[PDB]
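Chains as they are written, first to last, in the deposited numbering: chain B, 214 to 250; chain A, 214 to 251; chain C, 1 to 115; chain D, 1 to 71, 91 to 116.
We put the CB at the ideal spot given by N, CA and C, even for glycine.
Reading through the structure tokens given below for one structure.
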Amino acid sequence: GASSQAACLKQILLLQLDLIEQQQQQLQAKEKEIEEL
Amino acid sequence: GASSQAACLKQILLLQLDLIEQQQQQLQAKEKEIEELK
Amino acid sequence: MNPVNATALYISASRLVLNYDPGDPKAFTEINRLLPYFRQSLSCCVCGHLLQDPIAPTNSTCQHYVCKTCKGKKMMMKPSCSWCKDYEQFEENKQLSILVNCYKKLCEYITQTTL
Amino acid sequence: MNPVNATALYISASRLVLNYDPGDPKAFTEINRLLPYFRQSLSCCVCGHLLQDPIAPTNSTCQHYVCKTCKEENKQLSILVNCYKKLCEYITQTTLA
Ligand SMILES: [Zn+2]
Ligand SMILES: [Zn+2]
Ligand SMILES: [Zn+2]
Ligand SMILES: [Zn+2]
């Protein structure tokens with residue numbers, strides 16, 4: 214069955230969110246460096 | 214059923230990939246500034 | 001200027017949804033409380049509707065967004081935003097459109113976990 | 001330091017696996033083509049196997065990454100490692116041809 218598939222996709226999705234988040238953070242650090250100069 | 218759930222989740226994933234790609238593009242645009250100035 | 005508020009809210013909502021044990025009351029109400037704000041951040045300031053073609057001001061960090069069919073038209077939040085005023089600050093912010101789609105699909109999934 | 005390689009490869013790989021066109025013959029083979037390059041970009045340059053714990057140096061575009069043990092952490096990379104793991108889990112789980 215495609216039961217576990219759903220669970221996997223959820224986990225991937227959550228991780229991807231984690232990424233998107235860290236990426237936003239890093240965009241902040243970059244905009245900070247640029248604004249600093 | 215849970216197959217429509219699954220497909221929905223897939224669509225979301227794909228969108229999230231697009232988003233990630235976009236962020237990556239912007240980040241690269243930012244680092245371009247950083248190496249230029251520093 | 002990327003849609004910071006909207007992405008943040010998206011992360012919140014998405015998380016609550018994907019960590020919700022369908023049936024459980026607390027997570028559910030938390031979702032229901034949080035969701036409109038995430039919806040709000042993706043609403044056109046002239047329509048009230050969900051951005052049908054997102055245009056963001058290259059102008060400012062003020063984060064007010066409109067449909068493409070909502071150029072030069074009267075915005076709703078009174079007092080009006082100072083930074084918004086200049087209208088030729090048209091940019092098709094992709095991140096926005098994506099987030100709009102994301103929200104739609106999220107609601108779809110939610111209604112599924114509800115029924 | 002921002003990991004361009006790992007992210008780009010993760011994106012394309014995922015895109016392929018998930019946007020699998022079951023009426024395309026090149027469908028499987030392209031996944032298989034990309035997969036090792038992706039796996040590699042996330043492997044330690046002293047360990048050999050996939051990054052155990054990610055450490056990258058400040059603002060070096062040489063893009064080489066190594067385990068915490070093998071001698091500044093990059094959280095993005097750690098996430099990406101997990102992304103590979105989970106993606107592989109999905110791959111093994113589903114049929115692709
Ligand atoms: Zn509108
Ligand atoms: Zn404004
Ligand atoms: Zn190592
Ligand atoms: Zn090196």
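Identify the contact partners of residue i in chain A, using a Cβ-Cβ distance below 9 Å as the criterion.
i       : result
D/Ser97 : Under the 9 Å cutoff, chain A gives no residues; its nearest Cβ is about 15 Å from D/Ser97.
At a CB-CB cut-off below 9 Å, which residues of chain C make contact with residue i?
i                      : result
residue 162 of chain B : Here chain B covers residues 214 to 250 and nothing more, so residue 162 of chain B does not appear.
B/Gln237               : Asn2, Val4, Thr7, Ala8 and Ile11
With C-beta atoms as the reference, is residue i less than 8 Å away from residue j?
i                      : j        : result
A/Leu250               : B/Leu226 : no
D/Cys70                : D/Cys47  : yes
D/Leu106               : D/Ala6   : no
A/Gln241               : D/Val4   : yes
residue 125 of chain C : C/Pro54  : It is not possible to answer for residue 125 of chain C, since the shown part of chain C is limited to 1 through 115.
C/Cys81                : C/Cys67  : no
A/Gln236               : B/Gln236 : yes
C/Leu42                : C/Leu35  : no
C/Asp21                : C/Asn59  : no
Which bits of chain A does residue i rub up against, with CB to CB less than 7 Å?
i        : result
D/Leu115 : Simply none; closest approach about 14 Å.
C/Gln52  : Those within 7 Å of C/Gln52 in chain A number zero; the least Cβ separation is about 17 Å.
Look at the alpha carbon of residue i and the alpha carbon of residue j, and state the distance between them as a whole number of angstroms.
i                      : j        : result
B/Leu230               : C/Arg15  : 8 Å
D/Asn19                : D/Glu30  : 12 Å
D/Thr61                : B/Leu228 : 25 Å
C/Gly72                : A/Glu246 : 33 Å
D/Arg39                : D/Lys26  : 20 Å
C/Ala8                 : B/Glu234 : 8 Å
A/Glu244               : C/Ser97  : 24 Å
A/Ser216               : C/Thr113 : 12 Å
D/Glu108               : D/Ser12  : 17 Å
A/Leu232               : C/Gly23  : 31 Å
B/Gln218               : D/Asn32  : 20 Å
D/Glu91                : D/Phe28  : 38 Å
residue 123 of chain C : D/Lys94  : This structure cannot settle anything about residue 123 of chain C, because the visible part of chain C is limited to 1 through 115.
C/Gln89                : C/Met76  : 18 Å
D/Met1                 : C/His49  : 40 Å
C/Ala56                : C/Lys104 : 19 Å
C/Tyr10                : C/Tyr37  : 10 Å
A/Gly214               : B/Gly214 : 12 Å
A/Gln224               : B/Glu248 : 37 Å
Output, in chain order, the set of chain B residues within a Cβ distance shorter than 7 Å of residue i.
i        : result
C/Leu18  : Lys223, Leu226 and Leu227
D/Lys94  : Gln235
D/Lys105 : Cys221, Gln224, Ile225 and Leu228
Closer than 9 Å by beta-carbon distance: list the chain B residues that pair up with residue i, in chain order.
i        : result
D/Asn59  : None at all; the shortest Cβ gap to chain B is about 10 Å.
A/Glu246 : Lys243, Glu246, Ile247 and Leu250
Taking residue i as the query, report the chain D residues whose CB atoms sit under 7 Å from its CB, ordered along the chain.
i                      : result
residue 269 of chain A : This structure cannot speak to residue 269 of chain A, because chain A is shown only from 214 to 251.
Below 8 Å on C-beta distance, what does residue i contact in chain B?
i        : result
A/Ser217 : Under the 8 Å cutoff, chain B gives no residues; its nearest Cβ is about 11 Å from A/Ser217.
Which residues of chain A have a Cβ atom closer than 8 Å to the Cβ of residue i, listed in chain order?
i        : result
C/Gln112 : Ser217, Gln218 and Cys221
C/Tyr109 : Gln218, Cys221, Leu222 and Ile225
(request) Identify each residue in the region 35-50 of chain D for which the Cβ-Cβ distance to at least one residue of chain B is less than 9 Å, and report them in chain order. (result) none
(request) Just jot down, in chain order, the residues whose CB lies closer than 7 Å to any heavy atom of ligand 1. (result) C/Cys44, C/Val46, C/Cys47, C/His49, C/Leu51, C/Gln52, C/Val66, C/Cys67, C/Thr69 and C/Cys70
(request) Specify which residues have a beta carbon nearer than 6 Å to any heavy atom of ligand 4, listing them in chain order. (result) D/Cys62 and D/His64
(request) Scan the region 21-35 of chain C for residues whose Cβ lies nearer than 8 Å to a Cβ of chain A and list them as they occur along the chain. (result) Within the region 21-35 of chain C, no residue has its Cβ closer than 8 Å to any Cβ of chain A.
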